[PDB]
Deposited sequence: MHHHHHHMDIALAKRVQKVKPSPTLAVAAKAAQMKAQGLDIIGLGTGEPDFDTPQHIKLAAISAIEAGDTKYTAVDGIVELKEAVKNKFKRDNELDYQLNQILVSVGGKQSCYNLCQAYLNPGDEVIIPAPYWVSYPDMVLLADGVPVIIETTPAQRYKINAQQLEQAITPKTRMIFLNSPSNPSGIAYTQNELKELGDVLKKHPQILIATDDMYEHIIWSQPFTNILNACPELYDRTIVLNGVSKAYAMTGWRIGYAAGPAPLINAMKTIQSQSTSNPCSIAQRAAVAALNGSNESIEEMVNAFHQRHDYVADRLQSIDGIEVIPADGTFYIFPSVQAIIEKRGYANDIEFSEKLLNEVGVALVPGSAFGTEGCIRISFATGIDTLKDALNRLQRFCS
């Protein structure tokens, strides 16, 4: 007999890591593949962070640590939230985790009960619904359009809330759209959320530093009165090109943070001790390397957006930040008679070798997520191929 799988894992299907595995596979066969599906910076970890990790290895920092992070890193997080976000957190409000993904997963396991509804704006990071489902929560998707710049409004939010709603993910700047809410937009959402006090607000600020159209702002900057029911989710993966090291961090209400620490203490223990020391050097160091990387993404974005605009049948909303852009190819799908954006993306990959992620993976049919965390020369080639495929 085959080993049966738990009912909870039968609820879930990760297509971003799956495209990555298919792209690596077809490159392994020797084919001419350009990967526009990546979810990490192409830049290496900055040298001063690498040097701090090497110093930690040489010093023998190879042991278990406090589950929620060495005190130097919890302090660096505390100071970062004050310095960058004008938010005051005590050490017992801070949890360092194995990537920001684990912050989110620990949150769901520490907080959500079976049947609880979680508002997830589309387009959404692929993992939000699956993490909710693994806690037996119920994803409640709010669909958005380009005319709304892929952002929910206060009337959509109120309409989606029920007496069963206990959480919302607010991810700004967004994976996959690259769009960020303005402070006033967050204020209008906060005014709705103030009317529903059982809703915990999970603000996923992972892409905070990767923004150029406006200064970063989150729900607590807009609505300080929501502090006691908000958890702030962040990490070093994107700002410091540290995706492989797996360090995220969160700040929020002490009882919730302690419950998340309890989940973590029974699942991973502390994150890698060397990675923790690397993250101290990142958070306490200069922003110079951040600015270098964000400037690169900005110039690449403007190039890609211009190329997409010029391709007949592709409609695009320019991003505010991140290394993603999220154009609609629905007109190409319709003129070709493709079934959907999965067929579009499979045909594109097999015809011209460009790998990207179908918009339906993020809950928005007919779009595609293009990542420009690759060199501008590779982007010129890839957009040439996309233009030829769509011609």
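Sequence ranges 1 to 7, 21 have no coordinates in this entry (deposited sequence, numbered from 1, C-alpha basis).
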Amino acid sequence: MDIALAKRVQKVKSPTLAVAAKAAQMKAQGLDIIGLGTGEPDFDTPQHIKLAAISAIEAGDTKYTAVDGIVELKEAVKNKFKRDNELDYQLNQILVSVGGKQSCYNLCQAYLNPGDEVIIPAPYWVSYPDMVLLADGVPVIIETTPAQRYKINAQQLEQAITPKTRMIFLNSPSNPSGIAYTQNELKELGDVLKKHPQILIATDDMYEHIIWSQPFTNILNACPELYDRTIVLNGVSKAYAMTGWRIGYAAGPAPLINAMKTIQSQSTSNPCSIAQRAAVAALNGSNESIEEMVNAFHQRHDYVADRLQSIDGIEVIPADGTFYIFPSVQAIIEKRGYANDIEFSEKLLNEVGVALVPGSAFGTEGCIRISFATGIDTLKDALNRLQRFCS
From here on, numbers count along this sequence of modelled residues.
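Averaged over their C-alpha atoms, the temperature factors of 263 to 271 and 215 to 223 are higher for 215 to 223. Of the two segments examined, 131 to 139 and 146 to 154, it is 146 to 154 that shows the higher average Cα temperature factor in the deposited entry. Highest CA B-factor among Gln102, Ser174, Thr203, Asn85, as stated in the entry: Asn85. Comparing the listed residues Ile49, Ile325, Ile33, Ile70, the entry records the largest Cα B-factor for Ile33.
Sort the modelled residues of the chain by CA B factor and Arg307 lands in the highest third. The entry lists a Cα temperature factor for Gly190 that places it in the highest third of the chain's modelled residues. Split the chain's modelled residues into thirds by C-alpha temperature factor. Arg229 is in the middle one. The deposited CA B-factor of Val329 belongs to the lowest third of values across its chain. The entry lists a Cα temperature factor for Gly313 that places it in the highest third of the chain's modelled residues.
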